[PDB]
Each structure stands twice: as C-alpha cells, then as structure tokens.
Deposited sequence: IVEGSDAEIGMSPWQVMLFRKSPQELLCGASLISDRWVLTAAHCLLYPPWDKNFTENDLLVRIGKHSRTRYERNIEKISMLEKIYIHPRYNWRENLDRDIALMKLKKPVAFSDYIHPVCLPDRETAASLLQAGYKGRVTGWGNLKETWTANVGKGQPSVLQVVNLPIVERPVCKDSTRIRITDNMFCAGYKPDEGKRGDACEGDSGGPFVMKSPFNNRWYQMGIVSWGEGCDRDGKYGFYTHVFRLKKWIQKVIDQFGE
C-alpha cells in the first residue's frame, strides 16, 4: 500500500491473506465475508497471460494476522480451500471486467477480537455511499512503492483512505474500457494528497463505514492500476455490489 500507515490492532478483522503452498509465497489479499467464505479478485487465481491457473490445493489463506513478520499463535489462523469459484463471465481477455472470485474454506473459521467478517452492501448503501468524493478504506501487505529496490515489503498491515473518483475522470485516466462492474478511486494531481493499492494488494477489500448503522461494508475489491500511486492515474476496484447476485448463486447453492 502506497502512502499507507501501519494499522491498529484489530482494525480490519476481515482482512484475509492469500498465500501459495509451494513456494510459501504471498499471492494476494482477500476479505472474510462469512464464517467459511472468502472474497478475492479473479486475476489473483486465473490470469492466463502470466500462466496463472490456480486450483484449491495450490494455495492457502491466513486470517487475523497483524505483523506479517513474527507469527502470532492462537489469534491468527491458516486455512485450506475446499473449492474456488471464479465468475463465469470474468473477462480477463480485455480489461478484467467482472474481476471477482470466491473461495470456500475446507473447515469454517471461528471469530475472535481479530477475525471478524465484513458486511456486504445492499442497494441502498451502495447507491448512497459509492459516490465521487466520499472516501473508502483499502488494506493490504503490498509493495510500499511501485518499484522496490534494496531496502518495500511491510511488517504490519498497511491501510489508506482514498476518495472515490467520477466515472468520466476514471475512464479518461486510462485506456481500458471501464464497465459498470468497476469503479476507480484515488486523489488528484491538484489535490496535494497521494495513496494507492499496489503489488500484492490485489483482491483485498475496499470498505466504507455506513453512516446509517456504523457498520463497515465492502464496496470494492482491489482490481488493477497503471503502476502504483501515479499522477493522472487511479486505482480501479471491482464494484462489489453489481456482482452480488453471483455471490448469492454460489453461496446459496454450495453452502
């Protein structure tokens, strides 16, 4: 996370971390939505142009971690995937349209002071909150800068509060055809403020606190961007609500 600060303890209890089995390498971020369902971005699991075609047995997840370095027994947990469900109409070919994927844990997880599920939006919360100007939260353990060097990989969770950008400014920043299933966020050149999700932050949760019930909802999923924290460019996130239909059809048929 670029321009992010270290998180407080238990500040994002839904934050899930996608690791590969062999090698033990961090692939992506993700979010906890139920006691056994995890939400990530589809390209984190399937992206052919880079030979990415993961199965259940290829990777694992870690939950409740604060300090990426020292392992914390009891509070954190590791989990195996029973199945992976990628949106059938996820269009990696053109633009990562419908960039989303769900993962079912082999055994459900128990909630604590540090493992707690994020909420998913309704029509009203999504239509009220996802508006240009309002600020949402992004979390991850990604590269602190676009290009790492010798001294880049954070010790604890990193977090930014990034404002939403109008659809026209978004689709003017980049050459990619942005769809109704994605929105973009970030500051602006003449706004004197920076921040962006970066490498390894993909698939993580973009969240906002609802002024109607003081609850945290996941409005987006860290999808893509031109580098990291670039002037005139913005971070693009999967409009979590639009595809929530799909999120039902799987969880309410493979529950």
Which residue ranges of the deposited sequence are not present in the modelled coordinates? 152-154, 259
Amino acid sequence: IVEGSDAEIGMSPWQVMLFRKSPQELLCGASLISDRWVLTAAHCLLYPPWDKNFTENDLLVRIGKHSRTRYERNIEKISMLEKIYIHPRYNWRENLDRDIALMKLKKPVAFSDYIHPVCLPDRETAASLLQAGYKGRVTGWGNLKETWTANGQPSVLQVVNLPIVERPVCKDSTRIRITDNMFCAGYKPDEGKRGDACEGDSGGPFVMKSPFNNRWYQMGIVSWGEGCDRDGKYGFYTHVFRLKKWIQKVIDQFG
From here on, numbers count along this sequence of modelled residues.
As stated in the PDB record, which stretch has the larger average Cα B-factor, 38-46 or 188-196? 188-196
Is the mean CA B factor in the deposited entry higher across 71-79 or across 117-125? 71-79
Taking only the Cα B-factors deposited for this chain, tell me whether residue 238 sits in the lowest, middle or highest third. lowest
Comparing residue 28 with the other modelled residues of its chain, is its CA B-factor in the lowest, middle or highest third? lowest
If you rank every modelled residue in this chain by C-alpha B factor, which third holds residue 166: lowest, middle or highest? lowest
Residue 219: CA B-factor among chain residues, third -> lowest
Would the CA B-factor of residue 152 place it in the lowest, middle or highest third of its chain? highest
